[PDB]
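Read the single chain below, which is given as structure tokens and is the form deposited without the DNA.
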């Protein structure tokens, strides 16, 4: 199982070409690589004789392995050897993969499922022989990218002349909210930037980003170099101050022409867009099942006219995929969010685009986590479905940050709390409070993504005791950042909360101890109860004064 259609890390277009010119038997690089680079940088004789040989065939076809190899490292493959490092004389198996994913995404090479192999295409050879810097090579490049949905999607989001950051773009890019397509609330990120030390501002301004923010910056950078978009820093007035984001873009004249024609408002047909099963889901545990489900919905829309979600669900069921209307609706917003045009008029959907033939490989049991996503999408009628994605995100350690921001955002936007997300090693992940309640109270929050079920290690319970007491003592020498100022002075009653995928073990004993030392009440909250409690605030069957009483030094269950 592979994953394509999305690249996260930077590379030179001059290196992309070389990667392509290797599948073309009559190019210089092909010979240069197989006749010089490989026998030189590839020591282990056996693989060395196997690779040049493979590059020696008449009709060239390379398997994933032959191109990417393995890493830890020595030269293990073709791509590795045709591209030198940014200093070895070759690149690793990670950067090799980005380049493979990149060549494939723009359509210069095609993937043959089941054979786990690639070959050059029609436009790839033309790209290969194209003169460097010529007007024709540029032409080939712009046509290639126009068959790439995400690029078309980035262009659609800037069509009105808007000036947006990678975050404002990322939130409406791909299958938004789920793992692999996450975006950091801009407003929340600028806050961390405004109160940061000038020595860390740069890293936060450019390396603090969600998956979709990554893709938006990359795709946006591709379009910039081709003249379809213009990258320029966006500025903001953030009072603790002034801040700016350099990864911002704005459409151009040549970009609107490309979009106009891609929409179908021109005298020429649009460029047929390439879509593959491997692009309909990335870092999702159940990506094999989900990829198929979204693939089959695309198909139905394709061979059909105007349809009602119930008919789509109906057509889907015939294929053996028992889905609920809102899962199908979320799957469609993602298709739209990746570059495909599907008009929605009232209760009817109708695809209006030109997509080519893609193969659904091996044509699968729904996992317990997806069934839970399905249950909550068809149950929580007020909760923006995107939040239900936190149930899976909360089980991945690598996702603390987005978990951080997204949980605080839900508190303020859905529950109705005031306050904000803090984060860092000296501040709690968030500090929220109420206004106008019978008893206005404050809350100290800490979140944590963990796989399996948090038992609340004494280490994290240790870090929370520090926040609760610092809000009691409030000494500027102990903590010069006086974070507690976030709270209104009138507030005197505080609570502490730990939020995670789900809890198990003797977490209660930790709560009993912290309550005894600080005298404050606290609790633990599973992400699913966070959502359940937020849909109640909205349904009207739960109040912020009822939450107050939930802190009983145990687990909260609404």
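Residue numbers count along the first chain shown, from 1. We call the rigid core the largest set of C-alpha positions that still match within 1.5 Å between the two forms.
*Asks:* Which class describes the count of deposited residues lacking coordinates between residue 269 and residue 270: none, 1 to 3, 4 to 9, or 10 or more?
*Replies:* The entry has no unmodelled residues between residue 269 and residue 270.
*Asks:* Between residue 363 and residue 364, how many deposited residues lack coordinates (none, 1 to 3, 4 to 9, 10 or more)?
*Replies:* In the deposited sequence, 4 to 9 residues between these two have no coordinates.
*Asks:* Which of the two stretches, 308-316 or 287-295, shows the higher mean Cα temperature factor in the record?
*Replies:* The recorded data point to 308-316.
*Asks:* Identify the stretch, either 156-164 or 343-351, whose C-alpha atoms have the larger mean B-factor according to the entry.
*Replies:* Mean B over CA atoms: larger for 343-351.
*Asks:* Highest CA temperature factor in the entry: which of 132, 278, 331, 389?
*Replies:* Each of 132, 278, 331, 389 was compared by C-alpha B-factor; the highest is 132.
*Asks:* Per the entry's Cα B factor values, which of 29, 42, 525, 531 stands out as the maximum?
*Replies:* Going by the entry's C-alpha B-factors, 42 comes out highest.
*Asks:* By its CA B factor, does residue 497 count among the lowest, middle or highest third of the modelled residues in the chain?
*Replies:* For residue 497, the deposited C-alpha B-factor lands in the lowest third.
*Asks:* Please say which third, lowest, middle or highest, residue 453 falls into when its CA temperature factor is compared across its chain.
*Replies:* Its C-alpha B-factor belongs to the highest third of this chain's values.
*Asks:* Mind checking which third residue 541 falls in for C-alpha B-factor across the chain?
*Replies:* Lowest third of the chain for residue 541's C-alpha B-factor.
*Asks:* Report the third (lowest, middle or highest) to which the CA temperature factor of residue 139 belongs, ranking only the modelled residues of the same chain.
*Replies:* It falls in the middle third of the chain.
*Asks:* By the recorded C-alpha temperature factor, relative to the other modelled residues in its chain, which third is residue 489 in?
*Replies:* Middle third - that is where residue 489 ends up once the chain's C-alpha B-factors are sorted.
Omitted here: the form deposited with the DNA bound. The next part is about that form.
*Asks:* From the candidate stretches 312-320, 376-384, 205-213, 455-463, select the single one in contact with the DNA in the deposited complex, where contact means a heavy atom within 4.5 Å.
*Replies:* Going by heavy atoms within 4.5 Å, the stretch is 205-213.
*Asks:* In the deposited complex, is there a heavy atom of the DNA that lies within 4.5 Å of any heavy atom of residue 434, even though the partner is absent here?
*Replies:* No, residue 434 is distant from the partner.
*Asks:* Should residue 277 be counted as a contact of the DNA in the deposited complex, where contact means heavy atoms within 4.5 Å?
*Replies:* No, no contact at 4.5 Å.
*Asks:* Quick one: does residue 99 come within 4.5 Å of the DNA in the deposited complex, counting heavy atoms only?
*Replies:* Looking in the deposited complex, residue contacts with the DNA include residue 99, since a heavy atom lies within 4.5 Å.
*Asks:* Is residue 515 close enough to the DNA in the deposited complex to count, meaning some heavy atom within 4.5 Å?
*Replies:* Taking the distances in the deposited complex, the answer for residue 515 is no, it never comes within 4.5 Å of the DNA.
*Asks:* Counting any non-hydrogen atom inside 4.5 Å, which residue from 240, 473, 134, 398 sits next to the DNA in the deposited complex?
*Replies:* Among 240, 473, 134, 398, a heavy atom within 4.5 Å of the DNA in the deposited complex occurs only for 398.
*Asks:* So the DNA isn't shown here. In the deposited complex, which residue out of 120, 190, 218, 296 has a non-hydrogen atom within 4.5 Å of it?
*Replies:* Only one listed residue qualifies here, and that residue is 218.
*Asks:* Pick out the residues of 418-432 whose heavy atoms come within 4.5 Å of the DNA in the deposited complex.
*Replies:* Stretch hits: zero.
*Asks:* Upon rigid core superposition, which of the listed residues (439, 196, 336, 344) is displaced by 2 angstroms or more at its Cα between the shown form and the other one?
*Replies:* Among the listed residues, the outlier is 196.
*Asks:* Superposing on the rigid core, do we see a C-alpha displacement of 2 Å or more at residue 45 between the shown form and the other one?
*Replies:* It does shift by 2 Å or more.
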